[PDB]
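Enquirer: What follows is target04.txt, compact mmCIF, N, CA and C atoms and all ligand atoms.
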```txt
# COMPACT_ATOMS: atom_id res chain seq x y z
N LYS A 1 -81.26 -1.94 -38.40
CA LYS A 1 -80.81 -1.74 -39.78
C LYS A 1 -79.42 -1.08 -39.75
N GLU A 2 -78.67 -1.38 -40.77
CA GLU A 2 -77.50 -0.62 -41.12
C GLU A 2 -77.98 0.69 -41.77
N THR A 3 -77.37 1.80 -41.38
CA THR A 3 -77.68 3.09 -42.01
C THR A 3 -77.03 3.17 -43.40
N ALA A 4 -77.53 4.07 -44.24
CA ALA A 4 -76.87 4.42 -45.50
C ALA A 4 -75.37 4.74 -45.30
N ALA A 5 -75.05 5.53 -44.29
CA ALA A 5 -73.63 5.95 -44.12
C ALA A 5 -72.75 4.74 -43.77
N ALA A 6 -73.28 3.92 -42.87
CA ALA A 6 -72.59 2.66 -42.46
C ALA A 6 -72.37 1.73 -43.65
N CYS A 7 -73.39 1.56 -44.47
CA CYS A 7 -73.31 0.74 -45.71
C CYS A 7 -72.17 1.27 -46.60
N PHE A 8 -72.16 2.59 -46.82
CA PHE A 8 -71.10 3.17 -47.65
C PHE A 8 -69.72 2.78 -47.10
N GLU A 9 -69.52 2.90 -45.77
CA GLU A 9 -68.23 2.65 -45.18
C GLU A 9 -67.82 1.17 -45.33
N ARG A 10 -68.75 0.29 -45.01
CA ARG A 10 -68.49 -1.16 -45.17
C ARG A 10 -68.14 -1.56 -46.61
N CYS A 11 -68.92 -1.06 -47.56
CA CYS A 11 -68.70 -1.34 -48.99
C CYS A 11 -67.54 -0.62 -49.62
N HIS A 12 -67.21 0.57 -49.13
CA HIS A 12 -66.25 1.41 -49.89
C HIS A 12 -64.99 1.88 -49.21
N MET A 13 -64.88 1.78 -47.87
CA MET A 13 -63.71 2.36 -47.21
C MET A 13 -62.72 1.25 -46.96
N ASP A 14 -61.45 1.51 -47.30
CA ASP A 14 -60.37 0.61 -46.93
C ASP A 14 -59.10 1.41 -46.71
N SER A 15 -59.09 2.17 -45.60
CA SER A 15 -58.11 3.17 -45.32
C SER A 15 -56.71 2.57 -45.26
N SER A 22 -55.89 -16.32 -57.29
CA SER A 22 -57.13 -15.52 -57.20
C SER A 22 -57.78 -15.51 -55.78
N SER A 23 -56.97 -15.71 -54.71
CA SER A 23 -57.21 -15.11 -53.35
C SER A 23 -56.84 -13.61 -53.46
N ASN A 24 -57.25 -13.01 -54.57
CA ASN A 24 -56.91 -11.67 -54.88
C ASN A 24 -57.67 -10.79 -53.90
N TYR A 25 -57.14 -9.59 -53.79
CA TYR A 25 -57.70 -8.56 -52.92
C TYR A 25 -59.23 -8.41 -53.06
N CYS A 26 -59.72 -8.38 -54.30
CA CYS A 26 -61.13 -8.15 -54.54
C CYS A 26 -61.98 -9.30 -54.02
N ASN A 27 -61.57 -10.51 -54.37
CA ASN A 27 -62.29 -11.67 -53.86
C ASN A 27 -62.35 -11.67 -52.34
N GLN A 28 -61.19 -11.39 -51.75
CA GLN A 28 -61.02 -11.42 -50.28
C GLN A 28 -61.87 -10.34 -49.58
N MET A 29 -61.70 -9.10 -50.06
CA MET A 29 -62.35 -7.95 -49.44
C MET A 29 -63.84 -7.94 -49.74
N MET A 30 -64.23 -8.36 -50.94
CA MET A 30 -65.66 -8.35 -51.23
C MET A 30 -66.36 -9.36 -50.30
N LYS A 31 -65.67 -10.43 -49.98
CA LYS A 31 -66.28 -11.45 -49.11
C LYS A 31 -66.29 -10.93 -47.65
N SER A 32 -65.12 -10.50 -47.19
CA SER A 32 -64.94 -9.94 -45.81
C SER A 32 -65.96 -8.87 -45.49
N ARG A 33 -66.19 -7.98 -46.47
CA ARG A 33 -67.07 -6.86 -46.26
C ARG A 33 -68.52 -7.19 -46.52
N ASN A 34 -68.83 -8.49 -46.68
CA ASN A 34 -70.20 -8.94 -46.86
C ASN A 34 -70.87 -8.38 -48.05
N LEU A 35 -70.15 -8.42 -49.18
CA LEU A 35 -70.73 -8.12 -50.46
C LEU A 35 -70.98 -9.36 -51.21
N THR A 36 -70.13 -10.36 -50.98
CA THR A 36 -70.24 -11.60 -51.77
C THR A 36 -70.41 -12.89 -50.93
N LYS A 37 -70.82 -12.70 -49.67
CA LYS A 37 -71.20 -13.83 -48.83
C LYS A 37 -72.56 -14.37 -49.26
N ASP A 38 -73.44 -13.50 -49.76
CA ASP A 38 -74.83 -13.89 -50.10
C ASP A 38 -75.22 -13.62 -51.54
N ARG A 39 -74.26 -13.18 -52.37
CA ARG A 39 -74.51 -12.94 -53.81
C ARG A 39 -73.18 -12.59 -54.40
N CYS A 40 -73.12 -12.45 -55.74
CA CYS A 40 -71.96 -11.80 -56.39
C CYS A 40 -72.36 -10.44 -56.94
N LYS A 41 -71.72 -9.42 -56.46
CA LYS A 41 -72.03 -8.03 -56.85
C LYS A 41 -71.16 -7.74 -58.07
N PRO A 42 -71.74 -7.24 -59.16
CA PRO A 42 -70.97 -7.00 -60.36
C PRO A 42 -69.76 -6.07 -60.22
N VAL A 43 -69.94 -4.94 -59.51
CA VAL A 43 -68.89 -3.92 -59.44
C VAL A 43 -68.87 -3.26 -58.09
N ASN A 44 -67.69 -3.04 -57.55
CA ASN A 44 -67.54 -2.32 -56.29
C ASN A 44 -66.19 -1.66 -56.22
N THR A 45 -66.14 -0.42 -55.73
CA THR A 45 -64.88 0.27 -55.52
C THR A 45 -64.56 0.46 -54.06
N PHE A 46 -63.33 0.20 -53.70
CA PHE A 46 -62.81 0.53 -52.39
C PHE A 46 -61.80 1.70 -52.47
N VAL A 47 -61.84 2.53 -51.43
CA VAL A 47 -61.05 3.77 -51.34
C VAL A 47 -60.02 3.68 -50.24
N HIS A 48 -58.77 3.82 -50.63
CA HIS A 48 -57.63 3.74 -49.68
C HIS A 48 -57.20 5.10 -49.16
N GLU A 49 -58.10 5.74 -48.45
CA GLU A 49 -57.80 7.03 -47.86
C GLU A 49 -58.47 7.01 -46.51
N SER A 50 -58.15 7.98 -45.64
CA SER A 50 -58.85 8.00 -44.37
C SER A 50 -60.36 8.24 -44.50
N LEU A 51 -61.13 7.66 -43.58
CA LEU A 51 -62.51 7.97 -43.55
C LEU A 51 -62.76 9.46 -43.59
N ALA A 52 -62.02 10.19 -42.78
CA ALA A 52 -62.27 11.63 -42.64
C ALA A 52 -61.97 12.38 -43.98
N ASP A 53 -60.95 11.93 -44.69
CA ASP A 53 -60.64 12.51 -46.01
C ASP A 53 -61.68 12.19 -47.03
N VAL A 54 -62.33 11.04 -46.93
CA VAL A 54 -63.48 10.77 -47.83
C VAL A 54 -64.74 11.57 -47.46
N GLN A 55 -65.08 11.61 -46.18
CA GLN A 55 -66.17 12.41 -45.68
C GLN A 55 -66.04 13.88 -46.05
N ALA A 56 -64.82 14.37 -46.12
CA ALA A 56 -64.49 15.73 -46.54
C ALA A 56 -64.90 16.04 -47.98
N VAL A 57 -65.09 15.01 -48.82
CA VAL A 57 -65.56 15.24 -50.18
C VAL A 57 -66.98 15.82 -50.23
N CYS A 58 -67.78 15.58 -49.19
CA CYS A 58 -69.15 16.10 -49.16
C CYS A 58 -69.27 17.67 -49.17
N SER A 59 -68.13 18.34 -48.98
CA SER A 59 -68.10 19.83 -49.05
C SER A 59 -67.13 20.31 -50.12
N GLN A 60 -66.79 19.41 -51.06
CA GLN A 60 -65.91 19.75 -52.15
C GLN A 60 -66.74 20.18 -53.35
N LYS A 61 -66.44 19.75 -54.58
CA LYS A 61 -67.13 20.34 -55.74
C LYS A 61 -68.43 19.61 -56.03
N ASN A 62 -69.53 20.37 -55.91
CA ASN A 62 -70.88 19.91 -56.17
C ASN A 62 -71.03 19.62 -57.67
N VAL A 63 -71.55 18.45 -57.99
CA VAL A 63 -71.71 18.01 -59.41
C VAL A 63 -73.00 17.27 -59.47
N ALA A 64 -73.57 17.17 -60.67
CA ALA A 64 -74.77 16.34 -60.84
C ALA A 64 -74.43 14.85 -60.61
N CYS A 65 -75.38 14.12 -60.04
CA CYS A 65 -75.24 12.66 -59.95
C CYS A 65 -75.68 12.09 -61.28
N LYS A 66 -75.19 10.90 -61.61
CA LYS A 66 -75.66 10.17 -62.79
C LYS A 66 -77.18 10.17 -62.88
N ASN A 67 -77.85 10.12 -61.74
CA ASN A 67 -79.29 10.04 -61.74
C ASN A 67 -79.98 11.37 -61.86
N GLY A 68 -79.20 12.43 -62.12
CA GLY A 68 -79.73 13.78 -62.13
C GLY A 68 -79.88 14.53 -60.82
N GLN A 69 -79.83 13.86 -59.65
CA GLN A 69 -79.90 14.59 -58.39
C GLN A 69 -78.64 15.44 -58.28
N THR A 70 -78.66 16.41 -57.41
CA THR A 70 -77.50 17.28 -57.33
C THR A 70 -76.87 17.20 -55.94
N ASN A 71 -77.00 16.04 -55.27
CA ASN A 71 -76.31 15.86 -54.00
C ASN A 71 -75.02 15.10 -54.17
N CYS A 72 -74.40 15.15 -55.34
CA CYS A 72 -73.04 14.56 -55.53
C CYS A 72 -71.88 15.57 -55.51
N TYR A 73 -70.71 15.07 -55.14
CA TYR A 73 -69.52 15.85 -54.89
C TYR A 73 -68.31 15.11 -55.43
N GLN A 74 -67.46 15.83 -56.17
CA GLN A 74 -66.26 15.29 -56.74
C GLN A 74 -65.10 15.80 -55.96
N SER A 75 -64.18 14.89 -55.62
CA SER A 75 -62.96 15.25 -54.93
C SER A 75 -61.97 16.11 -55.75
N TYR A 76 -61.48 17.21 -55.13
CA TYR A 76 -60.40 17.97 -55.77
C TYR A 76 -59.21 17.13 -56.21
N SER A 77 -58.78 16.25 -55.32
CA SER A 77 -57.61 15.39 -55.51
C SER A 77 -57.98 14.01 -56.07
N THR A 78 -57.04 13.35 -56.75
CA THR A 78 -57.23 11.95 -57.04
C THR A 78 -56.91 11.20 -55.73
N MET A 79 -57.57 10.07 -55.57
CA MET A 79 -57.44 9.21 -54.41
C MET A 79 -57.13 7.81 -54.89
N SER A 80 -56.40 7.07 -54.08
CA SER A 80 -56.07 5.68 -54.34
C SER A 80 -57.34 4.83 -54.24
N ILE A 81 -57.73 4.17 -55.32
CA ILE A 81 -58.89 3.32 -55.31
C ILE A 81 -58.58 1.97 -56.00
N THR A 82 -59.30 0.95 -55.57
CA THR A 82 -59.30 -0.35 -56.19
C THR A 82 -60.70 -0.66 -56.72
N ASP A 83 -60.81 -0.83 -58.06
CA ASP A 83 -62.02 -1.27 -58.69
C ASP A 83 -62.07 -2.80 -58.72
N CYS A 84 -63.18 -3.38 -58.29
CA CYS A 84 -63.45 -4.83 -58.30
C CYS A 84 -64.55 -5.06 -59.23
N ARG A 85 -64.32 -5.87 -60.25
CA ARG A 85 -65.37 -6.12 -61.19
C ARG A 85 -65.43 -7.58 -61.51
N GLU A 86 -66.64 -8.14 -61.52
CA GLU A 86 -66.77 -9.57 -61.71
C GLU A 86 -66.26 -9.93 -63.09
N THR A 87 -65.61 -11.08 -63.17
CA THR A 87 -65.30 -11.71 -64.46
C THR A 87 -66.55 -12.19 -65.19
N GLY A 88 -66.36 -12.55 -66.46
CA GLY A 88 -67.46 -12.98 -67.30
C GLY A 88 -68.11 -14.28 -66.85
N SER A 89 -67.38 -15.18 -66.27
CA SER A 89 -67.96 -16.48 -65.90
C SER A 89 -68.35 -16.52 -64.41
N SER A 90 -67.99 -15.48 -63.66
CA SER A 90 -68.25 -15.46 -62.22
C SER A 90 -69.71 -15.74 -61.92
N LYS A 91 -69.93 -16.72 -61.03
CA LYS A 91 -71.23 -16.98 -60.51
C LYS A 91 -71.23 -17.53 -59.11
N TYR A 92 -72.23 -17.09 -58.36
CA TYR A 92 -72.41 -17.47 -56.98
C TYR A 92 -72.45 -18.99 -56.88
N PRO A 93 -71.72 -19.57 -55.91
CA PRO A 93 -70.96 -18.98 -54.80
C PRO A 93 -69.53 -18.64 -55.09
N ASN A 94 -69.02 -19.00 -56.27
CA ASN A 94 -67.62 -18.80 -56.61
C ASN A 94 -67.43 -17.47 -57.32
N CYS A 95 -67.77 -16.39 -56.64
CA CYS A 95 -67.56 -15.06 -57.20
C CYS A 95 -66.08 -14.90 -57.60
N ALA A 96 -65.86 -14.29 -58.75
CA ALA A 96 -64.51 -14.07 -59.20
C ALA A 96 -64.40 -12.63 -59.67
N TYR A 97 -63.32 -11.94 -59.26
CA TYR A 97 -63.15 -10.53 -59.51
C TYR A 97 -61.85 -10.28 -60.24
N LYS A 98 -61.90 -9.27 -61.13
CA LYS A 98 -60.74 -8.59 -61.64
C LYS A 98 -60.46 -7.36 -60.77
N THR A 99 -59.20 -7.19 -60.40
CA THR A 99 -58.77 -6.15 -59.49
C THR A 99 -57.99 -5.11 -60.30
N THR A 100 -58.42 -3.85 -60.23
CA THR A 100 -57.77 -2.77 -60.95
C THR A 100 -57.50 -1.62 -60.00
N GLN A 101 -56.24 -1.27 -59.81
CA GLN A 101 -55.79 -0.21 -58.91
C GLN A 101 -55.58 1.04 -59.73
N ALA A 102 -56.07 2.15 -59.19
CA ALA A 102 -55.97 3.43 -59.90
C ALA A 102 -55.94 4.61 -58.89
N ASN A 103 -55.42 5.77 -59.34
CA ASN A 103 -55.60 7.03 -58.64
C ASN A 103 -56.53 7.88 -59.40
N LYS A 104 -57.71 8.11 -58.86
CA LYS A 104 -58.74 8.91 -59.50
C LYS A 104 -59.57 9.74 -58.52
N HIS A 105 -60.20 10.79 -59.07
CA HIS A 105 -61.06 11.64 -58.30
C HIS A 105 -62.29 10.75 -58.03
N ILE A 106 -62.84 10.84 -56.85
CA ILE A 106 -64.09 10.18 -56.55
C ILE A 106 -65.30 11.16 -56.59
N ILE A 107 -66.44 10.59 -56.92
CA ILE A 107 -67.71 11.24 -56.88
C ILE A 107 -68.63 10.40 -55.94
N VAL A 108 -69.05 11.06 -54.89
CA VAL A 108 -69.97 10.46 -53.88
C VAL A 108 -71.22 11.29 -53.77
N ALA A 109 -72.31 10.62 -53.42
CA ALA A 109 -73.58 11.25 -53.07
C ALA A 109 -73.60 11.41 -51.57
N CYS A 110 -74.02 12.59 -51.11
CA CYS A 110 -74.02 12.91 -49.69
C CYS A 110 -75.44 13.22 -49.17
N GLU A 111 -75.68 12.85 -47.91
CA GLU A 111 -77.00 12.95 -47.28
C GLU A 111 -76.85 12.99 -45.76
N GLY A 112 -77.76 13.72 -45.11
CA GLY A 112 -77.94 13.66 -43.70
C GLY A 112 -77.35 14.83 -42.95
N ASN A 113 -77.55 14.76 -41.63
CA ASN A 113 -76.90 15.58 -40.62
C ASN A 113 -76.23 14.65 -39.56
N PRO A 114 -74.89 14.54 -39.60
CA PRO A 114 -73.94 15.24 -40.48
C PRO A 114 -74.07 14.80 -41.93
N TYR A 115 -73.62 15.65 -42.85
CA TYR A 115 -73.86 15.44 -44.27
C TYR A 115 -72.69 14.57 -44.73
N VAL A 116 -72.97 13.29 -45.03
CA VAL A 116 -71.89 12.32 -45.12
C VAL A 116 -72.10 11.47 -46.35
N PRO A 117 -71.04 10.80 -46.83
CA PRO A 117 -71.28 9.98 -48.04
C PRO A 117 -72.25 8.82 -47.83
N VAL A 118 -73.18 8.63 -48.76
CA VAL A 118 -74.16 7.54 -48.72
C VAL A 118 -74.20 6.65 -49.98
N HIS A 119 -73.50 7.05 -51.07
CA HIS A 119 -73.31 6.23 -52.27
C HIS A 119 -72.05 6.61 -52.94
N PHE A 120 -71.37 5.64 -53.53
CA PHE A 120 -70.19 5.87 -54.42
C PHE A 120 -70.73 6.00 -55.83
N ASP A 121 -70.63 7.19 -56.43
CA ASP A 121 -71.27 7.42 -57.76
C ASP A 121 -70.34 6.94 -58.84
N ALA A 122 -69.07 7.32 -58.76
CA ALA A 122 -68.08 7.11 -59.83
C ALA A 122 -66.67 7.53 -59.45
N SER A 123 -65.73 7.31 -60.36
CA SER A 123 -64.43 7.92 -60.24
C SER A 123 -63.95 8.37 -61.61
N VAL A 124 -63.11 9.40 -61.65
CA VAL A 124 -62.69 10.04 -62.91
C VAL A 124 -61.26 10.55 -62.81
HG HG B 201 -75.85 0.91 -49.43
HG HG B 202 -73.01 -1.12 -48.59
```
Just give me the structure as structure tokens.
Expert:
Amino acid sequence: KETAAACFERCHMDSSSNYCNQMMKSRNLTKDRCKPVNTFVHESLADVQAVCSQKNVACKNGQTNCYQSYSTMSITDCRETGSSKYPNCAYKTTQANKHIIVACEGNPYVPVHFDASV
């Protein structure tokens, strides 16, 4: 199996052949389905992992293992278009600098879900 931490890295780390279409396919998000929404983070792995000891915040789901980054980070939001359907997944690409919120788990205590950005 792929671990939770490995899944996070494959889906979220990136330290109409548009970027989203390309990367969602490369990273095996859209080889076998079309995923509605995915964010990639253009920062070092280690700088993202460092968010797990930053500001503790509630997760959308009410758990309290989420952490918001002090700094805004370069991110690309990929969101499916209205007509997108498998196998021809189609994405809108939106680049932004925003604080990230990740859920953290394990020893070492590392990101395991991308909760949001703000
Ligand atoms: Hg995952
Ligand atoms: Hg994943």
Enquirer: Show me which residues are within 7 Å of ligand HG 202 (chain B) counting all atoms listed in the file, and format the list as a ChimeraX atom specification.
Expert: /A:6-12
Enquirer: Hey, can you check how far atom CA of residue 78 of chain A sits from atom CA of residue 32 of chain A?
Expert: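 Interatomic distance here is 25.8 Å.
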Enquirer: Between atom C of residue 54 of chain A and atom C of residue 101 of chain A, measure the distance and give it in Å to one decimal.
Expert: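 So the two atoms, atom C of residue 54 of chain A and atom C of residue 101 of chain A, lie 18.6 Å apart.
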Enquirer: Got a sec: who's within 8 Å of segment 64-67 of chain A, counting only N, CA and C atoms, leaving out chain neighbours fewer than 4 positions off, as a ChimeraX atom specification?
Expert: /A:71-74,108-109,121-122
Enquirer: With N, CA and C atoms retained, export the selected residues as a PDB file, keeping the file's coordinate frame.
Expert:
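Contents of part-v4.pdb, as written:
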```
ATOM      1  N   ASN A  71     -77.000  16.040 -55.270  1.00  0.00           N
ATOM      2  CA  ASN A  71     -76.310  15.860 -54.000  1.00  0.00           C
ATOM      3  C   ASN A  71     -75.020  15.100 -54.170  1.00  0.00           C
ATOM      4  N   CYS A  72     -74.400  15.150 -55.340  1.00  0.00           N
ATOM      5  CA  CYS A  72     -73.040  14.560 -55.530  1.00  0.00           C
ATOM      6  C   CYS A  72     -71.880  15.570 -55.510  1.00  0.00           C
ATOM      7  N   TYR A  73     -70.710  15.070 -55.140  1.00  0.00           N
ATOM      8  CA  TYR A  73     -69.520  15.850 -54.890  1.00  0.00           C
ATOM      9  C   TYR A  73     -68.310  15.110 -55.430  1.00  0.00           C
ATOM     10  N   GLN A  74     -67.460  15.830 -56.170  1.00  0.00           N
ATOM     11  CA  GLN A  74     -66.260  15.290 -56.740  1.00  0.00           C
ATOM     12  C   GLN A  74     -65.100  15.800 -55.960  1.00  0.00           C
ATOM     13  N   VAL A 108     -69.050  11.060 -54.890  1.00  0.00           N
ATOM     14  CA  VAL A 108     -69.970  10.460 -53.880  1.00  0.00           C
ATOM     15  C   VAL A 108     -71.220  11.290 -53.770  1.00  0.00           C
ATOM     16  N   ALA A 109     -72.310  10.620 -53.420  1.00  0.00           N
ATOM     17  CA  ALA A 109     -73.580  11.250 -53.070  1.00  0.00           C
ATOM     18  C   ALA A 109     -73.600  11.410 -51.570  1.00  0.00           C
ATOM     19  N   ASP A 121     -70.630   7.190 -56.430  1.00  0.00           N
ATOM     20  CA  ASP A 121     -71.270   7.420 -57.760  1.00  0.00           C
ATOM     21  C   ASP A 121     -70.340   6.940 -58.840  1.00  0.00           C
ATOM     22  N   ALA A 122     -69.070   7.320 -58.760  1.00  0.00           N
ATOM     23  CA  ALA A 122     -68.080   7.110 -59.830  1.00  0.00           C
ATOM     24  C   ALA A 122     -66.670   7.530 -59.450  1.00  0.00           C
TER      25      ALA A 122
END
```
Enquirer: Using only N, CA and C atoms and all ligand atoms, pick whichever of A:99, A:120, A:36, A:90 has the shortest atom-to-atom distance to ligand HG 201 (chain B).
Expert: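 Smallest separation from ligand HG 201 (chain B) among the options: A:120.
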Enquirer: As a list in words, please: the residues near residue 75 of chain A (cut-off 8 Å, only C-alpha atoms, same-chain neighbours under 4 positions excluded).
Expert: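 Here the qualifying residues turn out to be residues 57, 60, 61, 105, 106 and 107 of chain A.
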Enquirer: Could you please determine the separation between atom CA of residue 5 of chain A and atom CA of residue 84 of chain A in Å, to one decimal place?
Expert: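 Between these atoms lies a distance of 20.5 Å.
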Enquirer: Mind checking DSSP for chain A and telling me the strand (DSSP E) residues as an mmCIF file with N, CA and C atoms, in the frame of the given file?
Expert:
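Written file, part_22.cif:
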```
data_model
loop_
_atom_site.group_PDB
_atom_site.id
_atom_site.type_symbol
_atom_site.label_atom_id
_atom_site.label_comp_id
_atom_site.auth_asym_id
_atom_site.auth_seq_id
_atom_site.Cartn_x
_atom_site.Cartn_y
_atom_site.Cartn_z
ATOM 1 N N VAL A 43 -69.940 -4.940 -59.510
ATOM 2 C CA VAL A 43 -68.890 -3.920 -59.440
ATOM 3 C C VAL A 43 -68.870 -3.260 -58.090
ATOM 4 N N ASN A 44 -67.690 -3.040 -57.550
ATOM 5 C CA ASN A 44 -67.540 -2.320 -56.290
ATOM 6 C C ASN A 44 -66.190 -1.660 -56.220
ATOM 7 N N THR A 45 -66.140 -0.420 -55.730
ATOM 8 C CA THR A 45 -64.880 0.270 -55.520
ATOM 9 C C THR A 45 -64.560 0.460 -54.060
ATOM 10 N N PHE A 46 -63.330 0.200 -53.700
ATOM 11 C CA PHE A 46 -62.810 0.530 -52.390
ATOM 12 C C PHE A 46 -61.800 1.700 -52.470
ATOM 13 N N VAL A 47 -61.840 2.530 -51.430
ATOM 14 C CA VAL A 47 -61.050 3.770 -51.340
ATOM 15 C C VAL A 47 -60.020 3.680 -50.240
ATOM 16 N N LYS A 61 -66.440 19.750 -54.580
ATOM 17 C CA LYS A 61 -67.130 20.340 -55.740
ATOM 18 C C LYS A 61 -68.430 19.610 -56.030
ATOM 19 N N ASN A 62 -69.530 20.370 -55.910
ATOM 20 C CA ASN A 62 -70.880 19.910 -56.170
ATOM 21 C C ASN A 62 -71.030 19.620 -57.670
ATOM 22 N N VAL A 63 -71.550 18.450 -57.990
ATOM 23 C CA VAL A 63 -71.710 18.010 -59.410
ATOM 24 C C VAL A 63 -73.000 17.270 -59.470
ATOM 25 N N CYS A 72 -74.400 15.150 -55.340
ATOM 26 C CA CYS A 72 -73.040 14.560 -55.530
ATOM 27 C C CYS A 72 -71.880 15.570 -55.510
ATOM 28 N N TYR A 73 -70.710 15.070 -55.140
ATOM 29 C CA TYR A 73 -69.520 15.850 -54.890
ATOM 30 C C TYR A 73 -68.310 15.110 -55.430
ATOM 31 N N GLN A 74 -67.460 15.830 -56.170
ATOM 32 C CA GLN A 74 -66.260 15.290 -56.740
ATOM 33 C C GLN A 74 -65.100 15.800 -55.960
ATOM 34 N N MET A 79 -57.570 10.070 -55.570
ATOM 35 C CA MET A 79 -57.440 9.210 -54.410
ATOM 36 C C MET A 79 -57.130 7.810 -54.890
ATOM 37 N N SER A 80 -56.400 7.070 -54.080
ATOM 38 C CA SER A 80 -56.070 5.680 -54.340
ATOM 39 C C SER A 80 -57.340 4.830 -54.240
ATOM 40 N N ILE A 81 -57.730 4.170 -55.320
ATOM 41 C CA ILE A 81 -58.890 3.320 -55.310
ATOM 42 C C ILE A 81 -58.580 1.970 -56.000
ATOM 43 N N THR A 82 -59.300 0.950 -55.570
ATOM 44 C CA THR A 82 -59.300 -0.350 -56.190
ATOM 45 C C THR A 82 -60.700 -0.660 -56.720
ATOM 46 N N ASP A 83 -60.810 -0.830 -58.060
ATOM 47 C CA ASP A 83 -62.020 -1.270 -58.690
ATOM 48 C C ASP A 83 -62.070 -2.800 -58.720
ATOM 49 N N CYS A 84 -63.180 -3.380 -58.290
ATOM 50 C CA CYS A 84 -63.450 -4.830 -58.300
ATOM 51 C C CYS A 84 -64.550 -5.060 -59.230
ATOM 52 N N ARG A 85 -64.320 -5.870 -60.250
ATOM 53 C CA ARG A 85 -65.370 -6.120 -61.190
ATOM 54 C C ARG A 85 -65.430 -7.580 -61.510
ATOM 55 N N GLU A 86 -66.640 -8.140 -61.520
ATOM 56 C CA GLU A 86 -66.770 -9.570 -61.710
ATOM 57 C C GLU A 86 -66.260 -9.930 -63.090
ATOM 58 N N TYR A 97 -63.320 -11.940 -59.260
ATOM 59 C CA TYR A 97 -63.150 -10.530 -59.510
ATOM 60 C C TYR A 97 -61.850 -10.280 -60.240
ATOM 61 N N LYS A 98 -61.900 -9.270 -61.130
ATOM 62 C CA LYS A 98 -60.740 -8.590 -61.640
ATOM 63 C C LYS A 98 -60.460 -7.360 -60.770
ATOM 64 N N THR A 99 -59.200 -7.190 -60.400
ATOM 65 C CA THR A 99 -58.770 -6.150 -59.490
ATOM 66 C C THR A 99 -57.990 -5.110 -60.300
ATOM 67 N N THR A 100 -58.420 -3.850 -60.230
ATOM 68 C CA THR A 100 -57.770 -2.770 -60.950
ATOM 69 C C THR A 100 -57.500 -1.620 -60.000
ATOM 70 N N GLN A 101 -56.240 -1.270 -59.810
ATOM 71 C CA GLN A 101 -55.790 -0.210 -58.910
ATOM 72 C C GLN A 101 -55.580 1.040 -59.730
ATOM 73 N N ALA A 102 -56.070 2.150 -59.190
ATOM 74 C CA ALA A 102 -55.970 3.430 -59.900
ATOM 75 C C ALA A 102 -55.940 4.610 -58.890
ATOM 76 N N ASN A 103 -55.420 5.770 -59.340
ATOM 77 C CA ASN A 103 -55.600 7.030 -58.640
ATOM 78 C C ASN A 103 -56.530 7.880 -59.400
ATOM 79 N N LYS A 104 -57.710 8.110 -58.860
ATOM 80 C CA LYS A 104 -58.740 8.910 -59.500
ATOM 81 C C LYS A 104 -59.570 9.740 -58.520
ATOM 82 N N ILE A 106 -62.840 10.840 -56.850
ATOM 83 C CA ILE A 106 -64.090 10.180 -56.550
ATOM 84 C C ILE A 106 -65.300 11.160 -56.590
ATOM 85 N N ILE A 107 -66.440 10.590 -56.920
ATOM 86 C CA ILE A 107 -67.710 11.240 -56.880
ATOM 87 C C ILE A 107 -68.630 10.400 -55.940
ATOM 88 N N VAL A 108 -69.050 11.060 -54.890
ATOM 89 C CA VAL A 108 -69.970 10.460 -53.880
ATOM 90 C C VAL A 108 -71.220 11.290 -53.770
ATOM 91 N N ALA A 109 -72.310 10.620 -53.420
ATOM 92 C CA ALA A 109 -73.580 11.250 -53.070
ATOM 93 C C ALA A 109 -73.600 11.410 -51.570
ATOM 94 N N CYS A 110 -74.020 12.590 -51.110
ATOM 95 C CA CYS A 110 -74.020 12.910 -49.690
ATOM 96 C C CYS A 110 -75.440 13.220 -49.170
ATOM 97 N N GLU A 111 -75.680 12.850 -47.910
ATOM 98 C CA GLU A 111 -77.000 12.950 -47.280
ATOM 99 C C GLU A 111 -76.850 12.990 -45.760
ATOM 100 N N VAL A 116 -72.970 13.290 -45.030
ATOM 101 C CA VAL A 116 -71.890 12.320 -45.120
ATOM 102 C C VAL A 116 -72.100 11.470 -46.350
ATOM 103 N N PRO A 117 -71.040 10.800 -46.830
ATOM 104 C CA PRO A 117 -71.280 9.980 -48.040
ATOM 105 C C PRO A 117 -72.250 8.820 -47.830
ATOM 106 N N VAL A 118 -73.180 8.630 -48.760
ATOM 107 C CA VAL A 118 -74.160 7.540 -48.720
ATOM 108 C C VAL A 118 -74.200 6.650 -49.980
ATOM 109 N N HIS A 119 -73.500 7.050 -51.070
ATOM 110 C CA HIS A 119 -73.310 6.230 -52.270
ATOM 111 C C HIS A 119 -72.050 6.610 -52.940
ATOM 112 N N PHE A 120 -71.370 5.640 -53.530
ATOM 113 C CA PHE A 120 -70.190 5.870 -54.420
ATOM 114 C C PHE A 120 -70.730 6.000 -55.830
ATOM 115 N N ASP A 121 -70.630 7.190 -56.430
ATOM 116 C CA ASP A 121 -71.270 7.420 -57.760
ATOM 117 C C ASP A 121 -70.340 6.940 -58.840
ATOM 118 N N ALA A 122 -69.070 7.320 -58.760
ATOM 119 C CA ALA A 122 -68.080 7.110 -59.830
ATOM 120 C C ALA A 122 -66.670 7.530 -59.450
ATOM 121 N N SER A 123 -65.730 7.310 -60.360
ATOM 122 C CA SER A 123 -64.430 7.920 -60.240
ATOM 123 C C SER A 123 -63.950 8.370 -61.610
#
```
Enquirer: Which residue is closest to ligand HG 201 (chain B)? Choose from A:95, A:35, A:118, A:70 and count only C-alpha atoms and all ligand atoms.
Expert: A:118
Enquirer: Neighbouring residues of residue 25 of chain A were defined as those with any atom within 8 Å, considering all atoms listed in the file; residues of the same chain fewer than 3 positions away were excluded. Please report them as a ChimeraX atom specification.
Expert: /A:22,28-31,84,97-99
Enquirer: Taking all atoms listed in the file into account, name the residue in A:3, A:23, A:62, A:82 that is nearest to ligand HG 201 (chain B).
Expert: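 Selected residue with least distance to ligand HG 201 (chain B): A:3.
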Enquirer: So, with only N, CA and C atoms and all ligand atoms as the atoms that count, which of A:124, A:119, A:27, A:50 lies closest to ligand HG 201 (chain B)?
Expert: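 Selected residue with least distance to ligand HG 201 (chain B): A:119.
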